[PDB]
Amino acid sequence: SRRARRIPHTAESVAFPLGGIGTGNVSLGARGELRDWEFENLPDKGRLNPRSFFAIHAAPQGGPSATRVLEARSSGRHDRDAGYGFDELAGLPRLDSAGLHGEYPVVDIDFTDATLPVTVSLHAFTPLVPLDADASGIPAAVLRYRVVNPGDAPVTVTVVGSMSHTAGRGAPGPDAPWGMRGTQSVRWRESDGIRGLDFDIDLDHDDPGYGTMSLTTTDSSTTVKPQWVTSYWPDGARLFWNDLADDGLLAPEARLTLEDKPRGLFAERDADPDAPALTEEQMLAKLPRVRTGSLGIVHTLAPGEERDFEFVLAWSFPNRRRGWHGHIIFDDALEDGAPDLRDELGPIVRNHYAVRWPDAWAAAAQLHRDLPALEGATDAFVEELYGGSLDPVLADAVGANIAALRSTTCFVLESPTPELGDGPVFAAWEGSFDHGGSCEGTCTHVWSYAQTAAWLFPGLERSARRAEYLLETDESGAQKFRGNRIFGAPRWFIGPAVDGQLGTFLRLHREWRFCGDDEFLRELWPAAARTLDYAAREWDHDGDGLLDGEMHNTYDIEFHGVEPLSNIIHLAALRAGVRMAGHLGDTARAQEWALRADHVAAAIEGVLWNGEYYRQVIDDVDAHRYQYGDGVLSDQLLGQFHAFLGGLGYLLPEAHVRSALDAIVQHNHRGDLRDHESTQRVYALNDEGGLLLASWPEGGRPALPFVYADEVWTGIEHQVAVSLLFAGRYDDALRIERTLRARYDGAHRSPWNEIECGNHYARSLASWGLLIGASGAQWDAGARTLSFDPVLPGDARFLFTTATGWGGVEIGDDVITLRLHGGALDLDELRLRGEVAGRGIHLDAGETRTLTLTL
Amino acid sequence: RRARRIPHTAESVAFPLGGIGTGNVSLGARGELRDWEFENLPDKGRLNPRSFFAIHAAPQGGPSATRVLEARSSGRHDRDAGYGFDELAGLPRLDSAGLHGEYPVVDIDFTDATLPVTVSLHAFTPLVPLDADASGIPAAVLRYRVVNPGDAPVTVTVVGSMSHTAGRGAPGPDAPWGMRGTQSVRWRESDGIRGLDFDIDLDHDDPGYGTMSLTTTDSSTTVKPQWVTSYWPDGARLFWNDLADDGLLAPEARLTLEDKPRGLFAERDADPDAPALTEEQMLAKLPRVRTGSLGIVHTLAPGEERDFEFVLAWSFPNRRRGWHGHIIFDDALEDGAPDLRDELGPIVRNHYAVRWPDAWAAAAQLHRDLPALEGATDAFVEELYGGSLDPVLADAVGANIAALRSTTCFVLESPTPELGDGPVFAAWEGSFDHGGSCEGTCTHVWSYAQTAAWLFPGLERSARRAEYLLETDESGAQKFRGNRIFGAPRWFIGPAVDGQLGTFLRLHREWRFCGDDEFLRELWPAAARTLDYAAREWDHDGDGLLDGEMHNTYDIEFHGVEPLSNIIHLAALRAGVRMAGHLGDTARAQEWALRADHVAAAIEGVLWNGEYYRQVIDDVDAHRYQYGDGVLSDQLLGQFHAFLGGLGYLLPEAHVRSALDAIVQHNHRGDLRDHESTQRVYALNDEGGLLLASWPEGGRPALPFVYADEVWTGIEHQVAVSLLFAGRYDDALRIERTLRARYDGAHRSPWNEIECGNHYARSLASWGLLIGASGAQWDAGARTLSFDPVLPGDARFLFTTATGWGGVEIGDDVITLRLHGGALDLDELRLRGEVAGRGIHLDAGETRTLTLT
Ligand SMILES: OC[C@H]1O[C@@H](O)[C@@H](O)[C@@H]1O
Ligand SMILES: OC[C@H]1O[C@@H](O)[C@@H](O)[C@@H]1O
Ligand SMILES: OC[C@H]1O[C@@H](O)[C@@H](O)[C@@H]1O
Ligand SMILES: OC[C@H]1O[C@@H](O)[C@@H](O)[C@@H]1O
Ligand SMILES: OC[C@H]1O[C@@H](O)[C@@H](O)[C@@H]1O
Ligand SMILES: [Cl-]
Ligand SMILES: [Cl-]
Ligand SMILES: [Cl-]
Ligand SMILES: [Mg+2]
Ligand SMILES: [Mg+2]
Ligand SMILES: [Mg+2]
Ligand SMILES: [Mg+2]
Ligand SMILES: [Mg+2]
Ligand SMILES: [Mg+2]
Ligand SMILES: [Mg+2]
Ligand SMILES: [Mg+2]
Ligand SMILES: [Mg+2]
Ligand SMILES: [Mg+2]
Ligand SMILES: [Mg+2]
Ligand SMILES: [Mg+2]
Ligand SMILES: [Mg+2]
Ligand SMILES: [Mg+2]
Ligand SMILES: [Mg+2]
């Protein structure tokens, strides 16, 4: 019995990512293969790790043995240009089928095979502990193979992991013989309560490419080949399979190379033949530089017996080259006016995880030592996220997209700049191209959509807000939307985006509301208030209160005229600003902004509202390229998404907000795209559906609309779905999410990778809002109040988080129950549907309280 | 349709257009162009921006339809940044398609539920047997046939949009926007054709320089010669607006919609109040690829079919001098041959550039000569695919021609003065996706390749000249990878036994095909030395059998005494006696004939085990990479050559058949799911194939040779050919059915058999299937042509000879020759060992039917 939908081994795009926040990753495919080896501070989809696989030797008592790689057979194209290569070991026998059942962060892959005399499943995960970014940021994974004997005789089983270290690649050069800038090492090690293989490399400690790996177990019943033979030809693999398939046991290799000297095709041109053998060490110095080892675990299973064969795979690449080194913020794109600290600071910035764990073994030792608590938290998380009342579609959308936050798109730097003081700083690309970062600078117009980190790892988001307000905001309140100064470099010379700058203000409110830390807010307040004032002063040119004229946005273009994206975000920002200003005692600003907001709201209703939705008012929709006029913009109510999430309620008349959301769905949602015409980028096509960025149901399409109008972005789908949940439009929210997640169901794209400008795209983290909207969760740390208001009536059960603690809430039978899995919770009031359920509620981790509602 | 329908869902399938040495572009089973590789390197997976065909169909008094002329995509859609702008993946397409390939011709039939017309694409690059230049045009026909099945007229526009491919450079100040030069496109009408002519402002001798064109002879055109270039993709949007509006196009009044760099594209250091930029100045700051559209417009009556015919041509005439590969490095060279490179200069030209120095020249030729070129191509297809061969065998023979016309092979114009003026054939072993695989016209690989020797023999002769005149030393040591064609010093690695002696067998093959004794005499001093080298240097125990360490195609050395080396040597000696005796080299004729009889006796006394031939060695594990009493699939490779060379059986017939039977019985696998290989994979899962070796009687080494557990199509082919000659038809057919099933489109492409690279040269062993099936024996010296089909009864085959090619049709009482090209002047025609005619002459276009009594 599996709760998650079975994804077949034929679904080639599927990749379940292991790893945690900022650690880099390796993934499991639906065949149970390891893939996408990307530990080294850059994405690397498709990177093959030579000779890195799990295998089984099953020896039935009195029967023929079977030796297989623990993967389902490949399918689809087999036309590799040089065949599947030696180091892929594609020619070893594999299993009939598999089914992958992912409830991120946990996966189960159940193998089926008619020849193997045992049945195998893989359970794998990297712990996720809500509100604990370090515990959720271990550079390691559990790979636990459960083996069952369904037969009638005992079977002696060996499960063996064979692994190469990934470190050391280099571009052709005198420093990179054999494509490797250093020689790897591997050794058997037993220390720190664990045992297994410890990999290293003789690169300098400060080399960006320096790193370690380990494959370990706490199981005493091991058989090992610590280092495979390194020859010119792949003798090592052949000898490994001979050794395993013979007896299910392994031995260390007596000779680490079978070469005596360079010979034949490998001979040195200027070499004397009849020259005698070199020593083993001299010969190894001339040979390939990757090392491989095998760790086996051996147990005999009686008929009906089940046993776990448990491994940890760990890694460490502590060093990043200082700087984004992206594709936007080049030296010819820096402004002066902020001094360049980069010389004065080292050329390396460390990954935060490398402070706690100096190398791979340290991370493995911790994961193994603390496994019961780390796994127990992870399991409690999974049960609350996937085992509650949410439609499975919504739980899928919320949980699967956490992978983006734990992907190469995001990372955590240790003390990159003295301007922020000491400690970790979260930063991120927008996305991950297959082999490089996409769109540097913790881009504010994109990241404003992302909600997941604000509810699961709020300290990360706070650390980023500090960078924006302390480093990227000038004295006028102009804020950059890509941040370069985290690295001690000058700012990017491009100026503000309206969505970026005002969405960052909204996020400051969100962060402050979650944590209740007025000192956090006070530090950033002079800068933040300037960025809100900047809008009314600089972006309203006709004095009506509506932002108007040329403003840059997340569509990489400027809107002209007067339109809702900018204005409804501004309205939301003003309302948030009143809450913050008022609480801090900035009473003058609070009253000014409240009155401004009232005017903005009336002007939006008077000008942008058309009786059905909000739209762009412009003299001539074709005067400027890249406009939309009377089209329906899916993001017209983005401000209202933030407002709902921020506890600010409706910004505009409820019937008009619901009308506009209904118009977005009715006009912009496509169930099928056969008849769609787009010259734009494709994230949805053919017999898929999706929410278009814009459409023109009443005409008025420009010759050249904004450049993404005909596209489908999951982040925009999510935000609209969220708003629909808050507005009571459940069926339409579910329609949007079912349609979107169908595009990511494994058939054509992976559930764990929603894409836009890059894999693991930050905008996809809008999805967390589905949980908040479905549950009506409103946590106000300043007031110490928690309320719920589920979209659907009757019984409900959801995950929730707050700054102090996390757990489950269960509603129904005229009661409300809180169960706290981590931290603490101290509530002045708990409300349900606007009514007080209880006062003065104090819980610690492991406790539950059930309150009966008033009749 | 005669060819099997491959569905549009078969993503690996790619039908390659282009010819010998031209570079290529392919059509996938969706009808899409893919694998743009014109520029003297492979480039599988290269996307050409904004390069596609579209249709506008405007029913009289009905709503119009505008579609890209491609079937819907399928499979994985998880591109990291989505399908990009320039792929135009979001435009409406046709529901489905079926691809019917009889290489060199393809038909792609589209199906759509709503389009008001039906469409098919017929495409080809001509192939004219025995005419390598006519088969080497850097152009293709793309002929869209549109049918109006309705009862009202429909006005149809078929429009080709294209971008030139030239100009890429590594990111840097030298390649703004990824481009080292700026492209140009214009409307042109000259040389009897019209359409779009593309160029680039790179220097005339730049390796990256080239041209492209999209042309028609149809007078009914509508054109947008140059799309708008903006920072954003305004060009494509304006194109589709223009096509979908009315099915007609216009030139763009403005070639960019930018006035100056602004916003995200602003120059930080730009004077914010600078003088206005001209259009030409603004273009200079913008992407450097250019795109144009050529439309053909016709109103189709109810029931009417009309062809919308285009030619796509290209020309990248300049190659860097050298292989620039991954084996023959400038510090892997030996001294002793003069380095001519500084004198000759850094470029060598493609031979096709002599006739066709730009794209328009090639197009103009293809259009002008299309009736003759297409007629020859069509006759070729009818003979190869429309005769009596089992369709599996016709598929294996014909589809693999693609390797010869791929990036694996090329033809240099006068690369070295040491060979005199004219074309020189040279080749990789294969094509990696983005680079050549294994340079040097590798002789141990190319010895398996038969297709060029029967279809384009002059190419093979030019390569033999390089090997004997440039790569053979005074001792008779021949290199197996050639550098001297470029004027470069020789590779330092020494000879391979299969390569050196296989080349000698190919010299005999070439000479027998062409009958030119001057060709043979020029090469004879060197060639004779290479055969004598073997008995002198490779037989250490003086028993006549080659023994000890010898390098081979498996990239290792066999030790002991074994049949691959020895049976090839036997074959080469028999060929040597034929050549020596004809030349009047009576000394060598007698010496080699004695040596050959001794070798045959010794093979039978030592290597034969009563069932097959095997390696005799003290300890199969003493040296890595041996095989001992295993069954080596290539053990009778020499006999494959002998059969094709008219030398018959080398060893007792029953022994040769027993060995072949052992190879089939022991090495052929119907299913590979339980196979245990740590080697490379060209066959797996529920596929079958012929393993390189197996150990049915035990004696498997711990570390056998490094490819023993693999499956190579070239070795499947050679064994299947030998089985045909030995009368083991059913087993040959099973081998071929099993291997071609691996390339049926479900997992791999029919037109790309793989080994160390795509389009692998060893796969050209497949031609021998036609030879074996038909029993064709052409001896130009004797002017005799004979056939001896494996199967009884009526038969109909393609054949080739030096002078002419066509079809042979065999019946009970008669044999018919139909000649499609050239001429045939036979001393004697034989069928099944009997004389069928004497003094028979035919010219192209003639048919003669001769009585067998
Ligand atoms: O296409 C890349 C190719 O380059 C060589 O290293 C091949 O092994 C590989 O497949
Ligand atoms: O896909 C669009 C996104 O990609 C980047 O250019 C961003 O600026 C933009 O929001
Ligand atoms: O579905 C019919 C088409 O009409 C336009 O709105 C397109 O988006 C849509 O796909
Ligand atoms: O595949 C890697 C990615 O790098 C960037 O150029 C993207 O366009 C591309 O898709
Ligand atoms: O696939 C094997 C082939 O690849 C190259 O190394 C050739 O030498 C060899 O014959
Ligand atoms: Cl946190
Ligand atoms: Cl404009
Ligand atoms: Cl020729
Ligand atoms: Mg890649
Ligand atoms: Mg170490
Ligand atoms: Mg063993
Ligand atoms: Mg202004
Ligand atoms: Mg205004
Ligand atoms: Mg549907
Ligand atoms: Mg589908
Ligand atoms: Mg509600
Ligand atoms: Mg590629
Ligand atoms: Mg020109
Ligand atoms: Mg038009
Ligand atoms: Mg001997
Ligand atoms: Mg299949
Ligand atoms: Mg005549
Ligand atoms: Mg004549």
Side-chain angles (χ1 to χ4, degrees), chain A residues 13-15 17 19 21-25 27 35-47 320 324-329 400-411 426-453 464 481-483 497 500 553-556 680-685 690 693 707-708 711-719 740 743-744 748-767, chain B residues 47 76-87 89-90 171 264:
Chain A
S13 67
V14 171
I21 304 162
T23 60
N25 304 84
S27 297
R35 62 192 287 176
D36 306 329
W37 294 85
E38 61 193 352
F39 299 149
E40 310 185 13
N41 302 311
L42 269 192
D44 223 342
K45 303 306 196 195
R47 183 186 177 184
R320 288 172 174 269
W324 285 107
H325 299 286
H327 59 97
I328 299 166
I329 309 177
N401 284 305
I402 306 165
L405 182 54
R406 301 227 304 183
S407 75
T408 51
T409 295
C410 311
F411 52 93
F426 179 72
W429 301 101
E430 292 172 20
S432 294
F433 304 124
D434 283 335
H435 307 290
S438 177
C439 296
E440 56 264 42
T442 324
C443 179
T444 64
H445 58 60
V446 172
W447 274 89
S448 288
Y449 289 75
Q451 309 303 311
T452 304
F481 72 82
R482 302 186 184 281
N553 59 45
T554 204
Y555 308 134
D556 291 325
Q680 304 178 353
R681 306 172 294 164
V682 170
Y683 306 108
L685 74 165
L693 269 64
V707 294
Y708 304 138
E711 303 186 348
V712 175
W713 298 356
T714 73
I716 294 178
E717 284 176 305
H718 288 310
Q719 76 85 349
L740 166 187
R743 303 200 305 277
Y744 292 90
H748 305 275
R749 308 175 186 75
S750 179
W752 296 284
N753 175 24
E754 289 176 9
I755 296 164
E756 192 199 298
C757 194
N759 300 312
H760 300 306
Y761 199 71
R763 217 187 307 274
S764 70
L765 297 175
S767 54
Chain B
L47 299 180
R76 287 175 67 175
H77 295 311
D78 62 332
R79 305 295 176 294
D80 62 354
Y83 299 88
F85 284 126
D86 287 328
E87 297 172 64
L264 290 180

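These numbers come from the heavy atoms of this one structure, side chains and all, not from hydrogens, waters or symmetry mates. Here is the naming used below: chain letters follow the sequence lines, and residue numbers restart at 1 for every chain.
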Quick one: pull up [atom1] in [X] and [atom2] in [Y] and give me the separation to the nearest 0.5 Å.
X      : Y      : atom1 : atom2 : value
A/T409 : A/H760 : OG1   : NE2   : 6.5 Å
A/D556 : A/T554 : CG    : OG1   : 6.5 Å
A/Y708 : A/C757 : OH    : SG    : 6.5 Å
A/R681 : B/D86  : CZ    : CG    : 12.0 Å
A/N25  : A/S407 : CG    : OG    : 6.5 Å
A/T714 : A/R749 : OG1   : CZ    : 10.5 Å

Quick check: closest heavy atoms across [X] and [Y], and the distance to 0.1 Å?
X      : Y      : result
A/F426 : A/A464 : O-CB, 3.9 Å
A/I328 : A/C439 : CD1-CA, 3.8 Å
A/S764 : A/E754 : CB-OE1, 3.4 Å
A/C410 : A/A404 : SG-O, 3.8 Å
A/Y744 : A/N753 : CE2-O, 3.1 Å

Checklist entry - Is there side-chain contact between A/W752 and A/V14, with at least one heavy-atom pair below 4.5 Å? => result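 Result yes, sub-4.5 Å side-chain heavy-atom pair found.
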Checklist entry - Would you say B/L47 and B/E87 make side-chain contact, with heavy atoms under 4.5 Å? => result yes
Item to check | Test log, rule side chain to side chain donor-acceptor pair (under 3.5 Å), inputs A/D434 and A/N759 | outcome: CA-CA 7 Å; A/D434 283 335; A/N759 300 312; 3.1 Å; yes
Side-chain donor or acceptor of [X] paired with backbone N/O of [Y] under 3.5 Å:
X      : Y      : result
A/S750 : A/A15  : yes
A/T442 : A/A428 : yes
A/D36  : A/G46  : yes
A/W713 : A/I755 : no
A/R482 : A/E440 : yes
A/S448 : A/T444 : yes
A/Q680 : A/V707 : yes

Next on the checklist: For A/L765 and A/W447: C-alpha separation, side-chain torsions, deciding distance, then whether side chain to side chain contact (heavy atoms under 4.5 Å, CB included) applies.
Outcome noted: CA-CA 8 Å; A/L765 297 175; A/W447 274 89; 3.9 Å; yes
Next on the checklist: Apply side chain to side chain contact (heavy atoms under 4.5 Å, CB included) to residues A/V712 and A/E717 and explain how you reach the verdict.
Outcome noted: CA-CA 8 Å; A/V712 175; A/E717 284 176 305; 3.4 Å; yes
Checklist entry - Should A/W429 and A/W324 be marked as a side chain to side chain contact (heavy atoms under 4.5 Å, CB included) after you check the CA-CA gap, both sets of side-chain angles, and the distance that decides it? => result CA-CA 9 Å; A/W429 301 101; A/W324 285 107; 4.1 Å; yes
Next on the checklist: A cation-pi test, strictly: NZ or CZ of A/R743 under 6.0 Å from the centre of the six-membered ring of A/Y683 and no more than 45 degrees from its axis. Yes or no?
Outcome noted: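 Judged by the rule (NZ or CZ under 6.0 Å from the ring centre, within 45° of its axis), A/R743 is not positioned above A/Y683.
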Next on the checklist: Check A/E40 with A/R47, please: is the shortest side-chain N to carboxylate O separation under 4.0 Å?
Outcome noted: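 Counted as a salt bridge, because a side-chain N and a carboxylate O are separated by less than 4.0 Å.
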Checklist entry - Is the closest side-chain donor-acceptor distance between A/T408 and A/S432 under 3.5 Å? => result yes
Item to check | A/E430 versus A/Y761, side-chain donor and acceptor atoms under 3.5 Å | outcome: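 A donor-acceptor contact under 3.5 Å links the two side chains.
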Anything under 30° is parallel, anything over 60° is perpendicular, the rest tilted; go ahead and classify [X] against [Y].
X      : Y      : result
A/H327 : A/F433 : tilted
A/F481 : A/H445 : tilted
A/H748 : B/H77  : parallel

Checklist entry - Hey, mind stepping through A/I716 and A/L693 against side chain to side chain contact (heavy atoms under 4.5 Å, CB included) and telling me if it holds? => result CA-CA 8 Å; A/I716 294 178; A/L693 269 64; 3.5 Å; yes
Next on the checklist: Walk me through whether A/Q451 and A/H718 qualify under side chain to side chain donor-acceptor pair (under 3.5 Å).
Outcome noted: CA-CA 11 Å; A/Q451 309 303 311; A/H718 288 310; over 6 Å; no
Item to check | Full working for salt bridge (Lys or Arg N to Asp or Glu O under 4.0 Å) between A/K45 and A/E38 | outcome: CA-CA 7 Å; A/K45 303 306 196 195; A/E38 61 193 352; 2.8 Å; yes
